[PDB]
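Quick setup: one chain, the form solved without the partner chain, written in structure tokens, and binding and motion questions come after.
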């Protein structure tokens, strides 16, 4: 998370950390608890190539990474069939836990938006995670969960910005319909924030608008962060998630 501040213990109960086995259970991606047995993340975290489920654990909401680890095994990874690279869409994945979680007030699920919600610019949105604090700068110990308010951008404005200082034809779409844009040069998500949720408060409810997907660097000029648009994939999500 580029910009923002440390998140209070009360906020973001649906935030999850994905761990990979090595010299320790290392954080590599974020995710959101969308159902007591289902985690929504980004496909580029776990795909396109198949990984060993044994080398993967899930950690639910914790203020400081690695301090009070209670790691949960995963029974299934479901990656969108249309996925190969993050920039070309379908950057969405589901992880099914071995067992469902006993949801408390400190740890509970996020609401997915209704199919009609567009999330227009000027929407109050937050992105949370334990990713890089800047370009090639890791989040320093004790690894607090960070939060940043990000400005939503109209897809066509963002697509135009991505064409500035690029050789790509103006008629060729860089930012697509299954994507969402947010952030500026002070506020953005970074590496290790992928899969993490972009949440907006709509009608007094916290809905998950997007999943951290990609961008050209972190908080670079004319390169806002691109998120997978959750509304676009609700049918696919609901084919597995109740």
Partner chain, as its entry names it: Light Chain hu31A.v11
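Residue numbers count along the first chain shown, from 1.
Colleague: Return whichever of 189-197 and 37-45 has the greater mean Cα B factor according to the PDB record.
Modeller: That would be 189-197.
Colleague: Looking only at CA atoms, which has the higher mean B factor in the entry: 157-165 or 102-110?
Modeller: Comparing 157-165 with 102-110, the higher average CA B-factor belongs to 102-110.
Colleague: Among 76, 146, 80, 138, where is the Cα B factor highest in this entry?
Modeller: Highest C-alpha B-factor among the listed options: 138.
Colleague: Go through 213, 59, 32, 184 one by one and give the residue whose Cα B-factor in the PDB entry is largest.
Modeller: Each of 213, 59, 32, 184 was compared by C-alpha B-factor; the highest is 184.
Colleague: Going by the entry, which third of its chain does the Cα temperature factor of residue 170 land in?
Modeller: Middle third - that is where residue 170 ends up once the chain's C-alpha B-factors are sorted.
Colleague: Quick check for you: using the entry's CA B-factors within this chain, is residue 86 in the lowest, middle or highest third?
Modeller: Ranked within chain, residue 86 CA B lands in the middle tercile.
Colleague: Lowest, middle or highest third: which one holds residue 234 when the chain's residues are ordered by CA B-factor from the entry?
Modeller: For residue 234, whose C-alpha B-factor we compare with every modelled residue in the chain, the answer is the middle third.
Colleague: When the deposited Cα B-factors of this chain's modelled residues are ordered and cut into thirds, is residue 180 in the lowest, the middle or the highest one?
Modeller: Middle third.
Colleague: Using the B-factors in the PDB entry, rank residue 202's C-alpha atom against the chain and give the third, lowest, middle or highest.
Modeller: Tercile = highest for this residue's CA B-factor.
Absent from the display: the form solved in complex with the partner chain. The rest refers to it.
Colleague: Residue-level question: is residue 202 within 4.5 Å of the partner chain in the deposited bound form, judged on heavy atoms?
Modeller: So residue 202 does not count as contacting the partner chain.
Colleague: Indicate whether residue 52 is a 4.5 Å heavy atom neighbour of the partner chain in the deposited bound form.
Modeller: Within the cut-off, so yes.
Colleague: Within 4.5 Å, heavy atoms only: does residue 102 come near the partner chain in the deposited bound form?
Modeller: Although the partner chain is absent here, residue 102 would stay clear of it in the deposited bound form, with no heavy atoms inside 4.5 Å.
Colleague: For the stretch 167-196, I need every residue with any heavy atom inside 4.5 Å of the partner chain in the deposited bound form, listed N to C.
Modeller: If the 4.5 Å heavy-atom criterion is applied to the partner chain in the deposited bound form, 167-196 yields nothing.
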